[PDB]
Structure formats: C-alpha cells, structure tokens
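Just one chain follows, in the form deposited in one PDB entry, and it is written as structure tokens.
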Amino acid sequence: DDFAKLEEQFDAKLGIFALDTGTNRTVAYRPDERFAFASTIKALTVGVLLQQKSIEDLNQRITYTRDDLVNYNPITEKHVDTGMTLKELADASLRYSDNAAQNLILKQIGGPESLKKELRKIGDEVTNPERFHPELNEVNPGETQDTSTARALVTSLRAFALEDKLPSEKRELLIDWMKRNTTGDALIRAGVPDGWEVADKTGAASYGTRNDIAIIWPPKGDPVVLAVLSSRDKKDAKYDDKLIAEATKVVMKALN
C-alpha cells in the first residue's frame, strides 16, 4: 500500500480520512486511530465561537496581559497594551496558530469542557478537548485527553465549514481565515497543485505528532475534506512535513 510505504519511509504512523463531498467517495487509512489533535482544534474552536456570537459580537475587545501569553504568541505578544477583538483573535489563532489567542477564545466560550459539550451537540462524540495550552500538546500513547481521529476531524470540519452548523456569512469567515493560513505551505498545500484553493489548519505536538486538516476545492466539482494525522514512537521525535505532503498526493490520486 502507498500509505504503508510512507509509514515505512518516514518511520511514522499515519491516520488519513478524505471525503469527496461530490461523490461521497472516501479514502481511509487508520481513520479511527486516535492522535493528539494539537492545533487542529483551533479550527473547530472558531466554529463554536462563530455559532455562539453574531458577526458584530466578534468586535468585542478582549483585554489580556503577559500572564495570558504562553509558549507561542506570534500575534498576541504584540498587542498586550491595546488588547485584541475576538475577530482578531480568531484570525491569529487560525492563520498563525497563536496559542494564547486560542486560550483566550477558549475562555470566552466557556473553557475545554464547554467546547466538548458544543462538539457533542454538532454530532462529534470522538474529539476530547480537556486542557489549555500548553498542556494539551503532551499526550502519551494510549491516553484519550485532547485526542481525536481523522474521521471525526473531517466530519466536524465539514459540519462547520460546509454544512448547516453555521449560517453562510459565518462559514465564509471561517473558510477565508483557513484559506489564508500562513503555517501550512509544506503540508496539505504541498500535495495539491498550485491554484487549487485550500483551507487548512496545522498542528504539531509531542511524539512527533504532525497534523493538517483541510478543505480542498478542485478545478470545478465539489470540495474534498481531508485530515492527515501522524505520530511517532519517541516522545522527543522530530516530524517531517514531507510525510503529510506525500500522503496528500496519494489521496488525490485515489480520488482521481
């Protein structure tokens, strides 16, 4: 198998699920295997935020301090004195994987347990948010806290971005943020021809966990929704982006 081969080449475990929303054809490989979801959860978290707020309500300004900043704060670290609006925090979380921005958003929607409950409400019984940054990224093999599966992430991303868990105006915000992600150029985007629009959210965590979930719009036709998840056996393992890009090429061929 080509996915087997990639696991062999990169000494890693792959979880793949892809759904062609036009034909309902799928590609699956360990689709129900749990991984730490890492930063991919940011995309569903903005999903819930959008559901719970009007678009105008996203203009509420959040005051924060150094105490709210954590390990990776590319946008939030610049605006402690002014604060940021919810809209600006959603942009920072989604486009730069700003961890403080995700923590602030999570607090505004009622914390990890509240996020879990809202995910259950949209039909996701798999994804298990429990912790804030930075703790959520430390997941040992066999533990379920802060994990999901490729199938569940695809199903939930679809629900928010493409189906009816959000009104069109809010779907458009979400899709536009993910389309202009700056963190993903070496992953799913790198397995898809230039010029196909891709909306994605990346993650990275311990045990060399390296994830990307995306919606891909092919030259006309309906979009594909894809999760590529990976992990490795040693806690301090490095990852390689190229695994995700090569996995994406295998998916596109299998759907073509």
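One-based numbering along the sequence shown.
One more form of this protein exists, namely the form solved in complex with a partner chain; it is left out here, but the text below deals with it.
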inquiry  = Just to confirm, with a 4.5 Å cut-off on non-hydrogen atoms, which of 58, 204, 69, 190 contacts the partner chain in the bound PDB entry?
reply    = 69
inquiry  = Is it the case that residue 114, even though its partner is missing from this view, gets within 4.5 Å of the partner chain in the bound PDB entry, heavy atoms only?
reply    = yes
query = Hey, in the bound PDB entry, does residue 104 get a heavy atom within 4.5 angstroms of the partner chain?
reply = yes
ask   = Quick one: is residue 141 in contact with the partner chain in the bound PDB entry, heavy atoms, 4.5 Å cut-off?
value = no
message = Under a 4.5 Å heavy atom criterion, is residue 54 part of the interface with the partner chain in the bound PDB entry?
response = no
inquiry  = If contact means a heavy atom within 4.5 Å, which one of 59 to 67, 226 to 234, 37 to 45, 204 to 212 is the stretch that engages the partner chain in the bound PDB entry?
reply    = 59 to 67
